[PDB]
Ligand SMILES: Clc1cc(CNCCc2nc3ccccc3[nH]2)ccc1-c1ccccc1
Ligand SMILES: Clc1cc(CNCCc2nc3ccccc3[nH]2)ccc1-c1ccccc1
């Protein structure tokens with residue numbers, strides 16, 4: 001079968017903690033009364049959630065209410081436990097309360113309010129310094145949650161809230177987050193297509209915090225090159241082909257041979273043969289003001305097939321690309 | 001013209017503003033699952049109309065608590081289920097996990113999350129009393145906010161797993177929805193914990209009944225006197241209260257609400273001075289008593305249901321400054 005693998009950092013953080021910390025199935029959730037909140041307006045809508053802006057009528061403070069469709073109760077317990085464990089961590093969305101409406105009994109999570117700025121509106125106004133500044137803020141959140149033995153497993157621009165006026169950033173939507181246990185085989189149906197690491201696309205289940213570093217690399221590549229998304233797959237199989245068109249099919253086979261991975265037969269007719277490209281090839285007149293040798297070197301160290309060779313969040317924070325922050 | 005009406009000072013109109021689906025338990029449709037998923041292990045307790053068992057859910061090998069109900073009144077069973085479904089997941093409220101019937105007996109049964117009850121009182125410190133009293137208040141402020149009065153607050157209805165510092169308020173069979181101006185049956189709660197409103201047959205009571213019962217439990221814990229007000233019948237229970245609170249304030253209460261005192265009180269009530277709470281302090285309990293505890297007790301144990309602290313006001317009392 002496949003060769004086992006483990007994280008290069010924070011490997012045994014959950015092993016050395018009592019079960020209470022990571023055993024979310026045993027976690028007792030206490031659901032308060034949603035009458036303390038008045039819903040103001042709808043902000044967004046997910047596959048299993050609906051996000052509203054609301055007011056806490058006991059202190060007149062704005063909050064964000066995430067109403068969850070109870071499609072899987074174990075998944076709701078997992079998200080709550082992780083949010084409670086990470087509560088107050090740097091740049092982590094702050095869970096303020098857990099409530100249920102008395103008549104509907106629908107689970108709802110109450111968070112600190114964030115005055116988000118638009119992704120398209122920010123895209124063209126962001127300077128090189130801004131990109132470094134906010135990349136460093138996400139790394140603070142990732143190094144923290146990895147140190148707490150949690151993999152976000154859903155990093156993408158939609159899951160990063162920014163209040164640009166206040167230079168405030170929050171990593172949100174922990175619904176896909178999981179506790180890291182060395183040697184554990186995880187479900188690969190995580191994250192979002194454009195941000196899925198090659199480990200997920202080749203069905204290598206023994207992945208770790210390094211999956212987040214791949215997703216972060218995809219975000220960085222989209223920001224510096226103004227190409228959104230950077231790896232534009234049209235299905236999960238095609239996604240690996242788009243990565244292969246940049247990283248090359250030679251290093252893909254070296255990766256699958258190193259871990260004795262069995263490639264799905266659906267790859268047979270679509271994978272082809274591709275050369276490894278130079279990061280400089282993506283530089284153009286519209287994006288050259290965001291690109292630098294430091295940015296390309298940092299990107300090259302995140303976007304690697306081999307999950308074990310990618311920079312850890314702590315190694316990434318020490319990169320020359322961040323010397324100016 | 002009869003007794004003066006009264007309403008709750010807090011959460012007065014919570015049920016009035018909710019659709020009838022929430023509080024109309026008579027219309028609630030109960031779906032009874034198959035009790036074959038549970039195997040009874042042992043008897044934990046026995047009530048007037050129920051037996052509580054420890055059981056094992058054979059589908060996940062997890063312990064549960066099974067309450068088998070004698071179907072003496074189907075409306076009462078629907079009421080309890082609706083309240084438990086409404087409060088499901090609330091802080092320190094026993095969690096209803098399933099509703100089942102044994103295929104052959106067809107006896108109603110409620111399945112709850114397991115609670116590992118400690119035996120216990122002799123070992124509880126001043127801190128422990130403050131901690132557990134605050135946990136009960138979280139449960140009461142929550143259920144009151146959900147428009148429900150427990151109406152049977154007493155030590156037997158409080159399960160504590162001391163090792164894990166976990167507390168659950170159980171036995172919601174006497175619980176009711178609060179509707180302002182509604183006249184309720186006074187034959188509720190357990191004798192030692194009945195509020196004076198019940199004993200003088202003042203039917204328009206509210207959540208404040210639970211705050212009286214909580215005050216009885218507090219007095220019994222800090223003074224190590226169980227029960228605190230030891231009546232031998234419902235009429236004598238008011239006399240035991242009047243021996244502490246005095247008869248002057250009892251007459252002020254009945255006059256404020258134009259209550260007619262039952263003639264059965266004529267020969268037994270007597271005349272009693274208002275006692276100082278310090279009179280109950282002794283060598284055996286002085287380590288549990290403090291000025292803060294006595295001030296807090298004085299604000300719960302009042303004849304006038306409207307003057308008692310609400311659960312939310314109680315949580316802000318100095319007696320709880322030392323708890324998280
Ligand atoms: Cl990662 C990022 C994100 C965004 C804005 N994303 C918000 C999407 C959102 N809004 C929401 C409202 C409601 C619910 C969910 C929401 N998610 C803008 C820029 C960047 C960025 C990061 C680092 C460097 C440079 C740029
Ligand atoms: Cl010291 C104490 C002890 C208990 C324990 N009463 C037994 C619960 C029970 N119910 C049961 C039903 C069925 C079967 C077994 C049962 N056991 C409750 C409350 C307190 C207390 C009171 C005031 C303040 C702080 C603590």
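Every residue number used here counts from 1 along the chain in the order it is shown.
This entry, so its header tells us, was determined using X-ray crystallography, 1.8 Å.
A Cβ is built for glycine as well, from the same backbone N, Cα and C atoms used for every other residue.
According to Swiss-Prot, the feature active site, proton acceptor maps to A:154. Long-range Cβ proximity for residue A:154 (active site, proton acceptor), meaning a same-chain Cβ under 8 A and a gap of 6 or more residues, is found for A:173, A:174, A:175, A:176, A:177, A:190, A:191, A:192, A:195, A:215.
Summarising the annotation, Swiss-Prot assigns ATP binding site to A:43, A:44, A:45, A:46, A:47, A:48, A:49, A:50, A:51, A:66 and lists sequence analysis as the type of evidence. DSSP assigns residue A:51 (ATP binding site) to a strand segment in the three-state reduction.
Annotated domain 'Protein kinase' per Swiss-Prot: A:37-322, in sequence order, evidence recorded as sequence analysis.
Annotation comment: Swiss-Prot describes A:34-39 as region 'Interaction with beta subunit', evidence class similarity to another entry. Residues 52-58, 63, 65, 97, 99-102, 108, 110 of the same chain lie 6+ residues outside the region 'Interaction with beta subunit' (A:34-39) yet bring a C-beta within less than 8 angstroms of a C-beta in it.
When secondary structure is read from DSSP and collapsed to three states, residue A:154 (active site, proton acceptor) falls in the coil class. With a CB cut-off of under 6 A applied against ligand 1, the recorded positions A:43, A:45, A:47, A:49, A:51, A:154 are reduced to A:43, A:51.
Taking every pair among A:43, A:44, A:45, A:46, A:47, A:48, A:49, A:50, A:51, A:66, the residues listed as contacting ATP, the largest Cα to Cα separation comes to 15 Å. Across the region 'Interaction with beta subunit' (A:34-39), DSSP assigns 3 helix, 3 strand, 0 coil. Sequence-distant neighbours of residue A:49 (ATP binding site) (same chain, six or more apart, CB under 8 Å from its CB) are A:66, A:67, A:68, A:69, A:175, listed in sequence order. Note: the ATP site is recorded as A:43, A:44, A:45, A:46, A:47, A:48, A:49, A:50, A:51, A:66; in the same chain, A:67 also have Cβ atoms within 8 Å of that site's Cβ centroid. Of the binding-site residues A:43, A:51, A:51 has the largest number of other Cβ atoms within 10 Å of its own Cβ.
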